[PDB]
Structure formats: structure tokens, C-alpha cells
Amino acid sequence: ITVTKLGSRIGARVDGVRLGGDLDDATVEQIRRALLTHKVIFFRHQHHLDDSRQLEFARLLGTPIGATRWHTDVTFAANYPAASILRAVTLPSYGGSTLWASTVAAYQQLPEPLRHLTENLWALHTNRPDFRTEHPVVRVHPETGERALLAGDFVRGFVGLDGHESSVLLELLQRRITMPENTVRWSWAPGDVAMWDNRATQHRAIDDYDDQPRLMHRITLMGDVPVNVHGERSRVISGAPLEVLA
């Protein structure tokens, strides 16, 4: 099993692994560490995979649950996902790459004033079945302790700020998060599988394949409610917790 960095702040390729439910503990743990360290990892040549085997693999790393704007998944809910595992099924003849950004790297690049701002800022995330959650803008990752910015396209405003202030500040933060130095863009080939840490990233689909057929299979793993640098938790304004796969 080898892990090779794809860039300075994000991304790694993991080789010498056949994904499935039969991986030993040492291998699952090596994978877990690579995920947490590199934020998004890629396995190539996984042509043996189907839906069931992908699910069997997913169960080893977490509890499975039941596009072209930058976002963190389902952040309108309080207990939004920890991670997802995504395999290519049918790919277009061109385009169709995917972007990830490290929101840990983004936080690390913030100068002190913007650290003080974001560590003391709350965003309303919504899906508009009405989900509204006030999340902190800095989250302390529950497995690594690393601070990560929490924002993305589900943010509708910041508490205490007016609509214009919120629009300007959100875009300032998005501009920083999605700086290319914080990002990896993956050109999918058949057999590829991506896994990302949704507590430490945003991602974005790209509509550059002229609507040619494209099919991916995603399995998403249950996460927990964010805690900020002061130990404060996200507040549910409206909506229910996300639930495991039935």
C-alpha cells in the first residue's frame, strides 16, 4: 500500500489496494490516516467494484447514510456527512472533472484578523422540507483537531450581518477557500474511486461535458455536529437530523 501526494495542501493517490469489505484492520486504518491527512484520496484501476462491494468497503470506514456550486455536503443539516466514496460508472468522452478544496489549508492561510472574524462567526445554512442550521464558520475536526472553514453554497447569511455584508463576506471566504493552491481537480478514468473528508473540504462538479451521459455511484458516511474553537455546537433552527441508510 503506497500513498503519493498529488499537491502540497490536498490530494493523494493510494495504490496497492483492492477496495472491498475484506480489507484487514491495518489496511483500513492506513486508508483512514491517508484520508484524514490528504483530505481527498483516489484509487485507480478498481474495475472489480460494483454497488455492493463499494458499500461493503464503505461500511469499514463509517456508517452509510440515506452540483456545480462549491459546497460542503448537506451542511443545511446539523449532523452533516463525514465523508463520501464516489466511483465512476459511465464517463463522458471529454470534460467531467471534479474539484475539491481543503478548508483546513484555507483556514491555515488566513491572516490573524480573519481568524478572529471567522472563529467568532455563525452562518445560516439552508436547503431553500425545511432545513435551517446555524453552523460556526470555524469547525474543529473531531478526529484530527484541525480547524477548517465551514461555508459553501448552502450559506444564506451570517448572524448579525445584513444581506449585502453577508454576500460580500461569503464571497471573500469562498475566494480564499477555492484558491487553486488549495485544490485538486481529478480527470476521471474508468475504475477510479475518490474518497473525501467532508469535514475538511468543499467540492464542485464541473459542467463541461456538453451533457454527454455521465454516471457516478456515491456512498456517503454519517458525520456529527460541528464544534467550534470555543466548544460551541451548531444550532438547529429547523429540520431533522440526517439518518443512516435504511
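Heads up: residue numbers just count along the shown sequence, starting at 1.
Please say, as none, 1 to 3, 4 to 9, or 10 or more, how many residues of the deposited sequence are without coordinates in the interval between residue 128 and residue 129.
In the deposited sequence, 10 or more residues between these two have no coordinates.
Count class of coordinate-free deposited residues lying between the neighbours residue 213 and residue 214:
Unresolved stretch here: none.
Going by the average Cα B-factor in the PDB entry, point out whether 11-19 or 218-226 comes out higher.
Between 218-226 and 11-19, it is 11-19 that shows the higher mean C-alpha B-factor.
Looking only at CA atoms, which has the higher mean B factor in the entry: 174-182 or 52-60?
In the deposited entry, the stretch with the higher C-alpha B-factor mean is 52-60.
Tell me, please, which of 38, 47, 199, 203 has the highest C-alpha B factor according to the deposited entry?
Answer, based on the entry's C-alpha B-factors: 47.
Among 88, 161, 150, 106, which carries the highest Cα B-factor?
Largest recorded C-alpha B-factor: 88.
What third of its chain, lowest, middle or highest, does the C-alpha temperature factor of residue 145 fall into?
Ranked within chain, residue 145 CA B lands in the middle tercile.
Could you say whether, by C-alpha temperature factor, residue 93 belongs to the lowest, middle or highest third of its chain?
Highest third - that is where residue 93 ends up once the chain's C-alpha B-factors are sorted.
Could you look up the Cα B-factor of residue 43 in the entry and say which third of the chain it sits in: lowest, middle or highest?
For residue 43, whose C-alpha B-factor we compare with every modelled residue in the chain, the answer is the highest third.
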